[PDB]
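Descriptive analysis of the structure
These are the residues of each chain, in order.
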Amino acid sequence: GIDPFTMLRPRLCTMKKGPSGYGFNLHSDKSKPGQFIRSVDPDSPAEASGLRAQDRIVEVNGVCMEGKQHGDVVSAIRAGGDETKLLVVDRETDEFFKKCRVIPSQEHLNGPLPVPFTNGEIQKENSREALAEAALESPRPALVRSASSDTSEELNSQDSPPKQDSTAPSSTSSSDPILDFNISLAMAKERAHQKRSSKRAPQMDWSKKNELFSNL
């Protein structure tokens, strides 16, 4: 009682390098985008892993290859180390997700296909439970490629802007003063305990780079 639709799912091919590299050929056509397997030597770990001359790379070591250059695929392998893990889909599966308007990945390996239709007030998820004290101030990069669509920027990144919000002096003295005049001297000690661990370089990003470390 097995449907041909449920078998339509990715497969993570894991192959370790030993005999002069992994032993597989990868190279995109030319003007056509995407990366495909040209061929693989027989009796090789790549072949045993499940890699075929008709497979498409969707993710490497669990990284997103979508929107990445063709040089990114090899880069991911090098970053992985002496071993690599390539995610591929079946011929029917590949087109199955494209017409379904979905994004295959390692997450699809565990759990049922996206074909099921379900809904509710909250989405079910078995997330891990952990508790920790949040830092008062420290590094914390934000998203700049998610739903970016239009161009925008925020200066909220820098703590304590150029000018504060001035308010009327009110009475000469009152309870709970917002005046740090006297406390100003105390703030002097903070100088020694300074911790400018933050960093802001002018090179936000590069328009385009093609160093091409190596070309198979």
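Solution NMR is the method the PDB entry states for this structure.

Counting secondary structure elements, the protein contains 4 helices and 6 strands. Written out in order from the N terminus, the α and β elements of the protein read β-β-β-α-β-β-α-β-α-α. Expressed along its principal axes, the backbone C-alpha trace of the protein runs to roughly 85 × 50 × 35 Å. Per-residue burial over the protein gives 18% buried out of 216 residues.

Let us now look at the sheet that holds strand β5 (residues 63–64). An order of β1-β6-β4-β5 is seen for the 4 strands of this open sheet, with the pairing classed as antiparallel. In this open sheet, the two strands that pair with only one neighbour each are β1 (11–16) and β5. When β1 meets strand β6 (residues 83–88), the two strands line up antiparallel, connected through 6 bridges. Paired with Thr14 across the strands is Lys85, a residue of β6. Most of the contacts of helix α2 (residues 70–80) go to β6, to which it runs at about 140°, and overall it touches β4 (59–60), β5 and β6.

For the rest of this paragraph, the subject is the environment of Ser148. The topology assignment puts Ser148 in the loop between α3 (91–100) and α4 (181–186). The partly exposed category is assigned to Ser148, whose relative accessible area is 26%. Looking at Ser148, its side chain comes within polar contact range of the main-chain nitrogen of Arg145, at 3.4 Å.

Let's shift gears to the nonpolar core. Residues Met15, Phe24, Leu51, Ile57, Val60 and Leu86 are the most contacted members of the largest nonpolar core, which totals 17 residues. Of all the secondary-structure elements, those providing two or more residues to this core are β1, β2 (24–26), β3 (37–40), α2 and β6. Among the elements that make up this core, the one with the highest residue count is α2 (3 residues). In contact with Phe24, other than residues within four places in its own chain, are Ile37, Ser39, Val40, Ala46, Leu51, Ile77 and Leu86.

Our next topic: the packing of aromatic side chains. Two measures describe an aromatic ring pair: the distance that separates the ring centres and the angle between the ring planes. Evaluation of the coordinates by the stated rule reveals 2 aromatic pairs. With 6.4 Å between their ring centres and 80° between their planes, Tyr22 and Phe24 make a pair best called edge-to-face. Exposure class is identical for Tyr22 and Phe24. Each is buried. Aromatic pair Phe96 and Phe97: ring centres 6.1 Å apart, planes at 65°, arrangement edge-to-face. Neither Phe96 nor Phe97 differs from the other in exposure class; each is buried. The ring of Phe96 has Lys99 sitting right over it, with the charged end atom 4.8 Å from the ring centre.

Bringing α3 into the picture now. Among the residues making up α3, those that are buried are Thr93, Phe96 and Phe97. For α3, the buried positions fall inside an angular range of 90° around the axis, keeping them on one side. For α3, the exposed residues lying more than 90 degrees away from the buried face are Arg91 and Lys99. Taking the backbone nitrogen of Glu92 as reference, a side-chain oxygen 3.1 Å away marks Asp90 as the first, capping residue of α3.

What follows concerns the pattern of salt bridges. A full pass over the atoms with the stated rule returns 3 salt bridges. Measuring nitrogen to oxygen at the nearest pair gives 3.9 Å for the salt bridge that ties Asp94 to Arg56. Highlighted residues: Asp94 in helix α3 and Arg56 in the loop between α1 (45–49) and β4, separated in sequence by 38 residues.

In terms of strand pairing, β4 meets β6 through 2 bridges, oriented antiparallel. By the bridge assignment for β6, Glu59 is matched with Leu87.

Procedures and definitions
Residues numbered from 1 in each chain as written, not as in the entry; some residues may be left out. Heavy atoms only, no water. Helix = DSSP H or I, 4+ residues; strand = E, 2+ residues; numbered from the N terminus. Buried < 20%, exposed > 50% of the residue type's maximum accessible area, 1.4 Å probe, protein only. Pairing = 2+ DSSP bridges. Contact = heavy atoms within 4.5 Å. Axes fitted to C-alpha atoms, helices over the stretch in contact; angles between N-to-C directions. Polar contact = N/O pair within 3.5 Å; in protein donor to acceptor, adjacent residues only side chain to side chain. Core = buried A, V, L, I, M, F, W, Y, C linked by side-chain atoms within 4.5 Å. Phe/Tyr/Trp six-rings, centres within 6.5 Å; stacked < 30°, edge-to-face > 60°. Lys NZ or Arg CZ within 6 Å of the ring centre and 35° of its normal. Arc of directions from axis to C-beta. Salt bridge = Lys/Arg side-chain N within 4 Å of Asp/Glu carboxyl O.

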